[PDB]
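Below you'll find the structure, written out as C-alpha cells, and then a few comments.
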Ligand code: NI
Ligand code: NI
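Protein chains in written order, with my numbering: chain A, 4 to 228; chain B, 4 to 228.
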C-alpha cells in the first residue's frame, strides 16, 4: 500500500547508455588515445556538474560537456579545432544503449511498472539519446535536472522522481551503475539498485544499496507480471 | 581604501603540502601499486568531500580519508587490516611541505600581509599537518571547514576567510594549485592566485584567475619587504 515498488527510475549516462561510445570518434582524431581522452572527458564532465552545483553556477549538461572536452584536450596537450569540438559533442547525443537494456525495459513494463529516466542531461540531450536509440516508447517520463538547475547528487534532483510520478519514496526503485548516484538517491529516501557491471566495490559514502545486480536484465528478472 | 590586497589565504592539501608524500608508505604496504593507491586515495578523498556536501551528509576530513582509503583498497583488490588503515591514515596527518614553502611564507609576512590557511581539513588534521612540519608560526589563522560542516567549494566555506580576517572581498588574495578551488573562491568574490606547479591548464568553469605563477616561491618574490 506504500511499501512496494511501482516505478523503476534510471539514470541515463553510464547505466542505460555507454558514455565511452564516444571513444571511437576521439580515436579518429587522436589516434591511439580514444580510451584515455574519453575516460578523462567523462570524469571532468562529472566533476564540473559537481563544482557548478557547489558554486551556485548551473549551466546545462551540453555546456558542461564542451567545457570538459576543452579542459581535457588542453590538459592532455592536444589540439582540437572548432569542427572537432562540434563533432565530438554531437557524439554525446548518440551514445549506444547497453545490449541488455531494450529487452530489460520491455519486461519491466510487462511486469506492470512505470519507467523513468532521472538525469543530469538537458531535456534535449536526453531526448536525443533516447530518441536516437529508438527507445522513446520505453519510458514513461524523462526527467532532467533542468527543472531544478542543480546537478546530482543534490537532494532536490531526486525529489523530482516522486513529484513527477506521484508516488511515495518506497514505491520508487532508483537504478544506477554509479555508486555515488545510487548513494544520493538512497539518502534522499528511495530504495536503490546498484548495477555492478565492472565487478567493483560500492562507495564508502555511508550507505549499502538495497539490491546489487550485474546487469539490468538481472534486475528485470526480479519482477513478475 | 577597500580595493587593495591585505591578506594571503592559502588552501593546504596540494598547495602547501604534498598529498603524494604518502606514496612511499603506500608502495611498501602494496608493492607495485603504491602510486596508483596514492593517486586514487586522494582523488576519491576529494570526491567524497564533494559528495557529502552535495548530499547533506557532512563528515570530517579524517573520516573522508579513511572512507576513501577503504574504497580504494576494495576497488584494487588489495586487502588491508585495521592496523594498516590506522597506519596509512596517520601518514596523511604528516604531509611533506613543498620545497619552496617555508621560505615563501617567511617572505610574505615580511611584507605586512596577513596569512591564513582555509582548508577542507579538520581542526585536528590541519594542526597536525602544519604542526608536525613546524610551520605553525607562519600563519596567523588556521581555518577549518568544521565551522560550517560544508566542504569546498561551497560559497559558505570561502566566506570564512573574510569574516576571520575582518576584511573586504577585494582585500584577500586566495592562493591554490587547485584550479577548482581557485575557481570557487573567484565566484565567491576574492582575487585568486593559481599556482601552476605541474604545468597544466585551468578549469573551464567560467573564470580566469587574476595572477598565475609557477611556485609559491615565485609568488613570494612579488611582494616587497
Ligand atoms: Ni505498500
Ligand atoms: Ni582600497
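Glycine residues also receive a C-beta, built at the ideal position from the N, C-alpha and C atoms.
Selection from the options that minimises the alpha carbon distance to residue i
i, options, result
"residue 147 of chain A", "A:27, A:19, A:88 and A:161", "A:161"
"residue 207 of chain A", "B:227, B:77 and B:57", "B:77"
"residue 195 of chain B", "B:18, B:167 and B:177", "B:177"
"residue 122 of chain B", "B:18, B:8 and B:6", "B:18"
"residue 108 of chain B", "B:125, B:134 and B:138", "B:138"
"residue 72 of chain A", "A:193, A:131, A:224 and A:87", "A:87"
"residue 7 of chain A", "A:115, A:202 and A:163", "A:115"
"residue 35 of chain A", "A:135, A:163 and A:81", "A:81"
"residue 143 of chain A", "A:169, A:187 and A:193", "A:169"
"residue 90 of chain B", "B:226, B:29 and B:111", "B:29"
"residue 94 of chain A", "A:179, A:226, A:212 and A:22", "A:22"
"residue 127 of chain A", "A:104, A:212, A:102 and A:65", "A:65"
"residue 79 of chain A", "A:33, A:222, A:191 and A:103", "A:33"
"residue 54 of chain A", "B:203, B:226 and B:191", "B:191"
"residue 226 of chain B", "B:69, B:5 and B:106", "B:106"
Rounded C-alpha distance that separates residue i from residue j
i, j, result
"residue 185 of chain A", "residue 210 of chain A", "9 Å"
"residue 220 of chain A", "residue 39 of chain A", "29 Å"
"residue 205 of chain A", "residue 156 of chain B", "25 Å"
"residue 44 of chain B", "residue 63 of chain B", "16 Å"
"residue 182 of chain A", "residue 197 of chain A", "7 Å"
"residue 150 of chain A", "residue 158 of chain A", "13 Å"
"residue 3 of chain A", "residue 189 of chain A", "Coverage of chain A is limited to positions 4 through 228, which leaves residue 3 of chain A absent and any answer about it impossible."
"residue 131 of chain B", "residue 92 of chain B", "12 Å"
"residue 67 of chain B", "residue 74 of chain B", "10 Å"
"residue 31 of chain A", "residue 124 of chain A", "25 Å"
"residue 119 of chain A", "residue 187 of chain B", "34 Å"
"residue 167 of chain B", "residue 13 of chain B", "14 Å"
"residue 85 of chain A", "residue 83 of chain B", "48 Å"
"residue 228 of chain B", "residue 111 of chain B", "8 Å"
"residue 41 of chain A", "residue 24 of chain A", "9 Å"
"residue 180 of chain B", "residue 37 of chain A", "28 Å"
"residue 59 of chain B", "residue 165 of chain B", "24 Å"
"residue 98 of chain B", "residue 47 of chain B", "18 Å"
"residue 102 of chain B", "residue 133 of chain B", "14 Å"
"residue 117 of chain A", "residue 117 of chain B", "59 Å"
"residue 70 of chain B", "residue 202 of chain A", "19 Å"
"residue 163 of chain A", "residue 212 of chain B", "36 Å"
Inter-residue CB distance, residue i and residue j (contact presumed, cutoff 8 Å)
i, j, result
"residue 174 of chain A", "residue 10 of chain A", "6 Å"
"residue 57 of chain A", "residue 27 of chain B", "Residue 57 of chain A to residue 27 of chain B, Cβ: 33 Å. No contact."
"residue 129 of chain B", "residue 49 of chain B", "About 17 Å separates the two Cβ atoms, so there is no contact after all."
"residue 217 of chain B", "residue 200 of chain B", "7 Å"
"residue 61 of chain B", "residue 153 of chain B", "7 Å"
"residue 96 of chain A", "residue 135 of chain A", "7 Å"
"residue 193 of chain B", "residue 100 of chain B", "Actually they are not in contact, since the Cβ atoms of residue 193 of chain B and residue 100 of chain B sit about 23 Å apart, beyond 8 Å."
Proximity test, Cβ basis, 8 Å: residue i and chain A
i, result
"residue 96 of chain B", "no"
"residue 73 of chain B", "yes"
"residue 59 of chain B", "yes"
"residue 68 of chain B", "no"
"residue 183 of chain B", "yes"
"residue 157 of chain B", "yes"
"residue 51 of chain B", "yes"
Cβ of residue i within 8 Å of any chain B Cβ
i, result
"residue 78 of chain A", "yes"
"residue 208 of chain A", "yes"
"residue 56 of chain A", "yes"
"residue 193 of chain A", "no"
"residue 124 of chain A", "no"
"residue 204 of chain A", "yes"
"residue 187 of chain A", "yes"
"residue 190 of chain A", "yes"
Interface flag, residue i vs chain D, CB-CB below 8 Å
i, result
"residue 119 of chain B", "Reference to chain D is not applicable here, since the protein chains of this structure are A and B."
Exercise for the section: Report all residues for which the CB-ligand distance to some heavy atom of ligand 2 is below 6 Å; order them along the chain. Expected result: B:4, B:5, B:6 and B:7
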